[PDB]
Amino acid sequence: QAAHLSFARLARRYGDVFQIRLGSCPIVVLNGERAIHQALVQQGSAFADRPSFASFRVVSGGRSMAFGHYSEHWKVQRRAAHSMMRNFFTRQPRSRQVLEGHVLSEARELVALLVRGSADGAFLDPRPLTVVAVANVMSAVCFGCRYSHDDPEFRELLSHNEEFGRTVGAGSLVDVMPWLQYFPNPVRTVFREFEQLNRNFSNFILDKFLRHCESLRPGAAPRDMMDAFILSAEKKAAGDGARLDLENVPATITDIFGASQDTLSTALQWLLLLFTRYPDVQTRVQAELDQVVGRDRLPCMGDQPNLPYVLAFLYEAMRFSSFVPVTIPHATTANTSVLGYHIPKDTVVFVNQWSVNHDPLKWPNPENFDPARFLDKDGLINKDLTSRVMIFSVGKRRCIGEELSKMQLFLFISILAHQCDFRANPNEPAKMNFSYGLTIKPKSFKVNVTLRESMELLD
């Protein structure tokens, strides 16, 4: 009875567009591509707002770009945030390399713990490990500092991503049923933890913020995204496009660091999950990797176009898993209509991406994981299908770190699959259970990892 599941089901009787009621709020769910594309794209702007939920307000000390409203001040915050994400990567020559180094560097520490903690036929839950590996890629990209996988204070800071999606996830009752805060219950519990975690994240980034600001003297060369945003803001305040104001820099680096670390973490956990539940797909991608990059070195972004199956497994896991089933709730900015239906200004809207990835007609093997589903008659991928998958949303509020997400999940998996073997715990009868909320996170599950060959990952 997962949200995105009921909605897609209610659509088989009331159409793609219809409205539900969560407590006091009547939400209008969008389910198909034409409806999703007609609201978010064609009438994008009418649907580019965020609902006035008290919890959204708590994120990033009240200055979130992801959870804030549509307005001019917001408009430059996003433009400025998207600018950093586009330029930051591919800004200077050899930049791609420094990025790939971080991934390569976390991939090494990641396989090492997985293999070490999997000796003699042992199994271990990969999740905690995958969060730390992805947060470090971004800890270094954003602050220029990575943490020890043993670091408690950091593993703690990142041990609450589930409480975050349960609070803001479409379906959540925290906002729409405030009376639930009046007494003990899971909803009272999650929201209080929610405030607790956002409070910790902000302080974590605030501390780093104040230090980068202090060390960034006149002629100083920025060596971060923190340093990059601060410089830009000082250059903005200091006389004379879209750049952030110093007061908004901590909040926006929080959204940036927070999203990636959560989403990329969740995504990664599915890849290994799928690898262990589909040994054959694991072998094929693991085969193509051997044929193209050779057992002679480890994969790099240069190999991406000669790896049609890897990219295919990538988009199949994306469509099949739909780990971000419904986008961050939207809100209309003006009375509008979609697929005929009237939608009055200031109404909360849910975009069902899962309903576009699981549409029978567009995807024949709807419930079956078929990476070949994206392979062209002669073995190459066809953007026409690969780009038919919806996970990063579309429109004004579409993800700002899409290419980064991709040129990273490709790498983590390329190294891991090329260097390791993943086996599921056979003794586990009942199946994998998940936690629904913004992202679909896998609940506890154990894998066993062994090295195909000697570590050349060691530098």
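Heads up: residue numbers just count along the shown sequence, starting at 1.
According to the entry, the stretch of the deposited sequence that connects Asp240 to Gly241 contains 4 to 9 residues lacking coordinates, which leaves a gap of moderate length in the model. Once the C-alpha B-factors are averaged per stretch, 379-387 and 74-82 rank with 379-387 first.
With 296-304 and 219-227 compared on mean CA B-factor from the PDB entry, the stretch scoring higher is 296-304. The PDB entry assigns the greatest CA B-factor among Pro279, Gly340, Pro126, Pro186 to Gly340. Across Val137, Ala334, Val249, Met177, the greatest Cα temperature factor reported in the deposited entry is at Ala334.
Sort the chain's modelled residues by C-alpha temperature factor and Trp270 lands in the lowest third, per the entry. Among all modelled residues in this chain, the alpha-carbon of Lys441 has a temperature factor (C-alpha) in the lowest third. Remark: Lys406 belongs to the middle third of its chain, ranked by C-alpha B-factor as recorded. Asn87: CA B factor in the highest third of modelled residues in this chain (values from the PDB entry).
Remark: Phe434 belongs to the highest third of its chain, ranked by C-alpha B-factor as recorded.
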